[PDB]
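Asks:
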Amino acid sequence: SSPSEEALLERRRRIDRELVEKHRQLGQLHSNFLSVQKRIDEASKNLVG
Amino acid sequence: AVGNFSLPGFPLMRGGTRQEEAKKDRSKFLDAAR
Amino acid sequence: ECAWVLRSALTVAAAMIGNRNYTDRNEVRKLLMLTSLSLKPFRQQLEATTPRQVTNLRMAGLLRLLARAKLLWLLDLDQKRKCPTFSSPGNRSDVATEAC
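Chains as they are written, first to last, in the entry's author numbering: chain AL, 343 to 391; chain AJ, 102 to 117, 134 to 151; chain JB, 1613 to 1712.
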């Protein structure tokens, strides 16, 4: 219960909350990569059609 | 059009011997969302 | 060795033209798995948005000179059949099929 472990647990809350924010940032950005790519695929089918 | 219409970009997959052995299609539908 | 030189010309000529890898086709299939109402991407793999490139003008001409080198290999030994170790009958069909 020293503030060496209190600042350790403060780093536990800070870094884990930032990594769950970054993991959702990977999720949304990689989703948008598919969002434009399926519009490229639909643009391909529409334009050769 | 009067009534129900679908929108592009919404999750609408499908629903309901050899034709109901295709229960696995729902399985990779839920797998694709995870 | 002339067939090997024209081979190395053919391999680099395709490398200059280049292809796209398409490593994400399974996952665009997973996006169309739930958005589109079609049952098509269920049992079928999602194809390429743009296909592979074309055999070009001189890149096809390099195939023609590879054909001329392999056929001249076939017929120089045919007119020099005095030595029996010149293009055994198994290779007689083999170089003649794949040259032409």
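Beta carbons are placed, not taken as given, at the ideal position from N, Cα and C, and that holds for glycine.
(1) Name, please, each residue of chain JB whose Cβ falls closer than 8 Å to the Cβ of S107 (chain AJ).
(2) Can you grab the Cα-Cα spacing for the pair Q379 (chain AL) / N105 (chain AJ), in whole Å?
(3) Over what stretch of residues does the alpha helix (DSSP H) that includes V1640 (chain JB) continue unbroken?
(4) Determine the chain AL residues that contact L1646 (chain JB) at a beta-carbon separation under 7 Å, and present them in chain order.
(5) Cutting at 8 Å between CB atoms, please list the residues of its own chain near residue 1579 (chain JB), excluding the five before and the five after it.
(6) May I ask you to list, following chain order, the residues of the stretch 367-379 of chain AL that have a beta carbon less than 7 Å from some beta carbon of chain JB?
(7) When you compare the CB of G117 (chain AJ) with every CB in chain JB, is at least one pair closer than 8 Å?
(8) On the three-state DSSP scale, how would you describe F106 (chain AJ)?
(9) Can you check whether the CB of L1646 (chain JB) is closer than 8 Å to the CB of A149 (chain AJ)?
(10) What in chain JB is Cβ-close to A150 (chain AJ), meaning under 8 Å?
(11) For the candidate residues JB:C1712, JB:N1703, JB:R1704, whose alpha-carbon lies nearest to that of residue 1735 (chain JB)?
(12) Does any residue of chain AL have a CB that is nearer than 8 Å to the CB of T1709 (chain JB)?
Replies: According to the structure data:
(1) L1649
(2) 28 Å
(3) 1637-1644
(4) Those do not exist, as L1646 (chain JB) stays about 11 Å from chain AL at its closest Cβ, beyond 7 Å.
(5) No information on residue 1579 (chain JB) is available, as it lies outside the stretch 1613 to 1712 that chain JB covers here.
(6) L376, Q379
(7) no
(8) coil
(9) yes
(10) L1646
(11) Nothing can be reported for residue 1735 (chain JB): it is not among the residues displayed for chain JB, which extend from 1613 to 1712.
(12) no
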